[PDB]
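A.B. asks: Dumping the structure here so I can ask a few things about it.
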Amino acid sequence: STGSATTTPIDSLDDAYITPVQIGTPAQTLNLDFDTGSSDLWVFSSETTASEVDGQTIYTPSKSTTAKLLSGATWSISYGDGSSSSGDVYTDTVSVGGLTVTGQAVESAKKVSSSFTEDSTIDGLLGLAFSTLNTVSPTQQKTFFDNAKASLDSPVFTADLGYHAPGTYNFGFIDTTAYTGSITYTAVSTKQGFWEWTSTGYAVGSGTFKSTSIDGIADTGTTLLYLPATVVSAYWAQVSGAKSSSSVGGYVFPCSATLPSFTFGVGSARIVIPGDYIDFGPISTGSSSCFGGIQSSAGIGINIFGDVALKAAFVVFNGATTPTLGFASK
């Protein structure tokens, strides 16, 4: 079997992407944030504290003939950005782009932090990291991808994120019309539960390529590209007036600037992030200071290839026994 669903930016800055997901019988369609950096599928629901819901579509398990409480199971998660959620667990039928999993753990939020409440366009998350990170207790649960794997034509999913435009998540197959040239595959470590790999280097604009190993995670659930301070400094030094602002929380640059591209290495291959992708607009409405899409990972503890990087590529998440990541230009 296979699945194919369109994923759509939630706003004009591509801050996140939502993908429609059918849960329950009859279907309840919720728009979820597919996150290769976590491993819980959780939703706003009829159980969510009423004051913490503001515009989201909710899952109501009592209206689903296939929903069953997973007795005793609870969950609680905190994300890299400091947001969090928690609640209890149902199993139900979950379908993505025509691909159906029965008995999927659907984690029902009783509590969500303010950033989730404030984002009316995201109805929950669908984790696509490794199931070892799943937070359900006392019995850890599998991701949608892990549950689907055996039914899939090929044990893969692909991320094809758009720049200021819709894109695609595919499950079980590689769309050879969706990229140009060849796909370069690179080794993954699952030791931390992430799609963790090692980039072979970088270039800034039309500068020469610097060969150097950069360990990081492929994370669709992170907006920006977070890299070592040396790398980020080399990039922003090429933008007149750019600086790191502690008051704002990262590199800012004059909105009048033209940004250079950024290239990262995948084995012997090169992915080019256009300069426009690195512009995240005024720090506040009407400001002439703009926020940079490449930021330092120092003090995060890990480098993050987030959407800024991933949307410049067609990305294959290969969940075979020996997992790998593939990158192609598009």
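Chain A is numbered as in Swiss-Prot; the shown residues are, in order, 90-419.
Cβ atoms here come from the backbone N, Cα and C positions, even for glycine.
Heads up, here are the entries from Swiss-Prot:
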ACT_SITE  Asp124  active site
ACT_SITE  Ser288  active site
DISULFID  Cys344-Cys379  disulfide bond
DOMAIN    106-417  domain 'Peptidase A1'
A.B. asks: Are there any residues at least 6 positions away along the chain from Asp124 (active site) with a Cβ closer than 8 Å to its Cβ? List them or say none.
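C.D. replies: In sequence order, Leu214, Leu215, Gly216, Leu217, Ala218, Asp308, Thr309, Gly310 meet the Cβ cut-off.
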A.B. asks: Near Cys344 (disulfide bond), which residues of its chain come within a Cβ-Cβ distance under 8 Å, counting only those 6 or more away in sequence?
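C.D. replies: When sequence neighbours closer than 6 are ignored, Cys344 (disulfide bond) has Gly370, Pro371, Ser376, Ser377, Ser378, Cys379 within Cβ distance under 8 Å.
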